[PDB]
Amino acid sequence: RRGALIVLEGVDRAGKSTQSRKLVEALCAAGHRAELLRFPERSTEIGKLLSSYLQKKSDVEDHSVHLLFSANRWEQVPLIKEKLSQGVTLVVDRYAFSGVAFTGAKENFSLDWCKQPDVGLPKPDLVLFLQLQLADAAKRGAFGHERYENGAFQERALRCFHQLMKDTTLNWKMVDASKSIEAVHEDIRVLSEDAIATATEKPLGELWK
């Protein structure tokens, strides 16, 4: 009985990390085997290049960095497939969607080109998109100092996210991330319990193919 692959995507400060963490804790408290993953995963060789780039300690050509973000997901595929096959549900804090939306926000990057490297990755059974008015998201304190942490770039990534959501091959679920942390959690949790109960029914798919 395989585990489910559940991804959280969403506007900046939309609550992806808080909800990913709470979701795993709640699933495990309700007797599921669930573990948390995030992207980028900064602990590998690739991830350390990505962390330095996001912190602006290094500059990386735009196509190269896009490919490194994708490679960073592929290096985890063997582990993802193994965990799911063993019945462990995986909750993932950002995935290929963020990859495509962020590079796709830069000038002269087509969505098609941005998606290709991630074609074939493990297909999520559930993709939650935490929706929040960009302005309320900036009221969630203030912008950090990493790359992309500005208003104009975020609006352009949001547009790309909306294009990806026309992709009917994927089980997208909109979440109203403007509610309290606990109210948002309870929405996410019920949609996740549903997905887990149906993921044991059809094999793990392949993304964008």
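All residue numbers refer to positions in the sequence shown, first residue = 1. In this text, the rigid core denotes the largest set of C-alpha atoms whose superposition between the two forms falls within 1.5 Å.
Taking the root mean square of CA deviations in 6 other deposited structures of this protein after fitting on the rigid core, 165-173 and 137-145 differ, and the farther of the two is 137-145. Taking the root mean square of CA deviations in 6 other deposited structures of this protein after fitting on the rigid core, 127-135 and 74-82 differ, and the farther of the two is 127-135.
Comparing 20-28 with 191-199, the stretch with the higher mean C-alpha B-factor in the PDB entry is 191-199. The PDB entry records a higher mean C-alpha B factor for 135-143 than for its counterpart among 135-143 and 121-129. Looking only at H162, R33, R38, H66, the residue with the top Cα B factor in the deposited structure is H162. Of the candidates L90, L111, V77, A96, it is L111 whose Cα B-factor is highest according to the PDB record.
In the PDB entry, a CA B factor belonging to the lowest third of its chain's modelled residues is recorded for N72. Among all modelled residues in this chain, the alpha-carbon of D176 has a temperature factor (C-alpha) in the lowest third. In the deposited entry, the Cα temperature factor of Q86 places it in the highest third of its chain's modelled residues.
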